[PDB]
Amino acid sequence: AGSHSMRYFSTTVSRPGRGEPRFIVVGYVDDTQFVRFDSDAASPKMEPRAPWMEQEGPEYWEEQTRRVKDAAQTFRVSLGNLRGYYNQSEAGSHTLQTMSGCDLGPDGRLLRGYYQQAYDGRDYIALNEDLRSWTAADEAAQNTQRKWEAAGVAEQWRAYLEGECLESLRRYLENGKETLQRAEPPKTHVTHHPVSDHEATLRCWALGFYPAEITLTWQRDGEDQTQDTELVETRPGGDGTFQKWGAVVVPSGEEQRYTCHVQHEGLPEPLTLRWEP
């Protein structure tokens, strides 16, 4: 594909009276998970979660583990500071989430770099697209913004996101190319289930596709039936692929007025389906 992404998603969750906050990190290339870390594991280390990662040598895993353990400590201290900023009790559990990563564009350059944090499920602070400034989501976060501006934190992220982030992504894309670079088109079909003598559910299926981005719409007389379509969230097959369906309930006598349209980057051109008894 012309563009690719790498992301790390970390979750830190405090548990007052029950030890250190738990720390979980997962990394993704596009929609494929490739590593994990869990501080509650027997002997916490960064671990592969895609087979093409297993060829990285031990020094790779040692450095990633060092960096994650570093982050874990930073984020535990951060949880303490944030409970201060927010005047909160030491008795309650709180959650710090971070996202970071890079999009590689077809010109081989950084399409966009990211670093953002959330506290208890809400935006807290984000690195702006320019990789030189911050958006604080509230007054508490302005504490952080001020500290980070003074410490030149943005420039450190800019260097990472334009350099090592992209270099790493390029390497993973090469090491995993046979699966990461293969867009698998959805297998599609329509099912039909009478709900009465007079109406039926037409369900449009898309199965086994990669990546997860897809558009599935029902149309009648060339117009989207979005407000009559039940559309489920795109969901994992469990085998690295994704699934989705969309359904409409229609009068039996007008079943052939309905067509399902599917768009996927793995498709030469959009598909058009219909109920075919």
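One-based numbering along the sequence shown.
Participant: Could you settle it for me: does 254-262 or 20-28 have the higher average Cα B factor in the PDB entry?
Facilitator: Result: 254-262.
Participant: For the stretches 222-230 and 242-250, which has the higher mean C-alpha B-factor as given in the deposited record?
Facilitator: Stretch with the higher mean C-alpha B-factor: 222-230.
Participant: Based on what the PDB entry reports, which of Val35, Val68, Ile214, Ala42 has the top C-alpha B-factor?
Facilitator: So the option with the highest C-alpha B-factor is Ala42.
Participant: Between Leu110, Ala150, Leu207, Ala118, which carries the biggest CA temperature factor in the record?
Facilitator: Answer, based on the entry's C-alpha B-factors: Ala150.
Participant: Please place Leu96 in the lowest, middle or highest third of its chain according to the CA B-factor in the PDB entry.
Facilitator: For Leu96, whose C-alpha B-factor we compare with every modelled residue in the chain, the answer is the lowest third.
Participant: Taking the C-alpha B-factors as the PDB entry records them, is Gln156 in the lowest, middle or highest third of its chain?
Facilitator: Ranked within chain, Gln156 CA B lands in the middle tercile.
Participant: Please place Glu139 in the lowest, middle or highest third of its chain according to the CA B-factor in the PDB entry.
Facilitator: Within its chain, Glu139 is a highest-third residue by C-alpha B-factor, going by the deposited values.
Participant: Sorting the chain's CA B-factors, does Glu164 end up in the lowest, middle or highest third?
Facilitator: Tercile = middle for this residue's CA B-factor.
Participant: Comparing against every modelled residue in the chain, figure out the third that the C-alpha B-factor of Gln88 lands in (lowest, middle or highest).
Facilitator: Middle third by C-alpha B-factor.
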